Amino acid sequence: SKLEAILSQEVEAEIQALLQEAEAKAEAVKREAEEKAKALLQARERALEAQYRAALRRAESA
Amino acid sequence: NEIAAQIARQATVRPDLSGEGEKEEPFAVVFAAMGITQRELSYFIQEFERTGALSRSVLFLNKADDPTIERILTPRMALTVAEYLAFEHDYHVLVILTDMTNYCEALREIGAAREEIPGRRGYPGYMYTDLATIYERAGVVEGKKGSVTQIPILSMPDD
């Protein structure tokens, strides 16, 4: 029937909105985890490089 | 002591904002210490060897159990070396004069051994002149590249 198909289309629209919101939030989660793997890979690399440099400065001073 | 060691390890002139070009001339350090116990001395020499400064510094150490009259000669022979290195070899000497209150109580001892009339609270009347003859031996002269900058440390008794 007509309103039968209308209610079925409303259920399909709810499922569509649910899956689109799931895609958006999963993309945001993997994005922020990618930036935290990023910028953490920045911070510890710069810290260890500076530790290596300070060790070389102290060795040549000694 | 941590603030004096932090200043000693990160004081740099800014040549680019000043407009005198750029060379980055680092600091020679003259460290006079009068009654450092063992903990302050351990902190200062570990800080200096960790930042790599004992090849640029000269230390006139006077521990807490050493005799309490050579404290009179300790700052004067520190600043003799400082005036020499700044005004006849053109360094940029920074002078850390630790714990001047021990120097002042040493001169109170030698000025109360001689029955001399005191100023305020038993310290003798010429303590202004002694502290002046130590402090005022710093600054910059004309036409010469050197400088003696002074950071003393005082322990205020009743703060």
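FYI the Cβ positions are ideal-geometry reconstructions off the backbone, even for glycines, and counts take in every protein chain you see. Only the coordinates and a few stated rules stand behind these numbers; no lab work does.
Some observations on this one:
- Here the condition is being within 26 Å of A:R58 (Cα to Cα) and in a helix (DSSP H, G or I); of B:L79, B:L94, B:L54, B:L85, it holds for B:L85 alone.
- The selection criterion, being within 14 Å of chain A (Cβ to nearest Cβ) and either assigned to a strand (DSSP E or B) or of a type outside the set (V, I, T) (or both), holds for B:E49.
- Test: residue in segment B:79-86 that is among the small types (G, A, S), away from chain A (no Cβ under 14 Å) and more than 12 Å from the chain's Cα centre (by Cα): yes
- Any hit, segment B:57-74, residues being within 14 Å of chain A (Cβ to nearest Cβ) and either in contact with a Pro (Cβ under 9 Å, 6 or more places away or on another chain) or more than 19 Å from B:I153 (Cα to Cα) (or both): no
- Filtered residues of segment A:28-62 (kept if within 14 Å of chain B (Cβ to nearest Cβ) and either in contact (Cβ under 8 Å) with a residue 24 or more places away in the chain or over 27 Å from B:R56 (Cα atoms) (or both)): none
- Number of the condition not met by A:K2 [criteria: (1) more than 30 Å from B:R9 (Cα to Cα); (2) surrounded by 10 or more Cβ atoms within 10 Å (Cβ to Cβ)]: (2)
- Against the numbered list (1) free of Cβ contacts under 8 Å to residues at least 40 places away in the same chain; (2) within 14 Å of chain A (Cβ to nearest Cβ), B:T37 comes up short only at (2).
- Scan of segment B:97-136 for residues that are out of contact with any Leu (no Cβ under 9 Å at 6 or more places or on another chain), closer than 18 Å to B:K63 by Cβ and among the acidic types (D, E), ordered by number: B:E105, B:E109
- Some residue of segment B:9-21 being touching a residue at least 12 places away in the same chain (Cβ under 8 Å) and acidic (D, E): no
- Test: residue in segment A:14-27 that is of a type in the set (K, R) and away from chain B (no Cβ under 14 Å): yes
- Selected residue (criterion: farthest from the chain's Cα centre (by Cα)) from residues of segment B:120-159 that are small (G, A, S) and either closer than 16 Å to B:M100 by Cβ or surrounded by 10 or more Cβ atoms within 10 Å (Cβ to Cβ) (or both): B:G122
Residue-wise test of (1) of a type in the set (A, V, I, L, M); (2) out of contact with any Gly (no Cβ under 8 Å at 6 or more places or on another chain); (3) closer than 13 Å to B:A5 by Cα.
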| residue | (1), (2), (3) |
| --- | --- |
| B:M34 | yes, yes, no |
| B:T51 | no, yes, yes |
| B:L73 | yes, yes, no |
| B:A86 | yes, no, no |
| B:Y91 | no, no, no |
| B:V95 | yes, yes, yes |
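- Test: residue in segment B:61-69 that is under 30 Å from A:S61 (Cβ atoms) and within 13 Å of the chain's Cα centre (by Cα): yes
- Flag if B:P15 is surrounded by fewer than 17 Cβ atoms within 10 Å (Cβ to Cβ), under 22 Å from B:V141 (Cβ atoms), out of contact with any strand residue (DSSP E or B) (no Cβ under 6 Å at 6 or more places or on another chain) and within 14 Å of chain A (Cβ to nearest Cβ): no
- Selected residue [surrounded by 10 or more Cβ atoms within 10 Å (Cβ to Cβ) and over 23 Å from the mean Cα position of the chain (by Cα)] from A:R46, A:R53: A:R53
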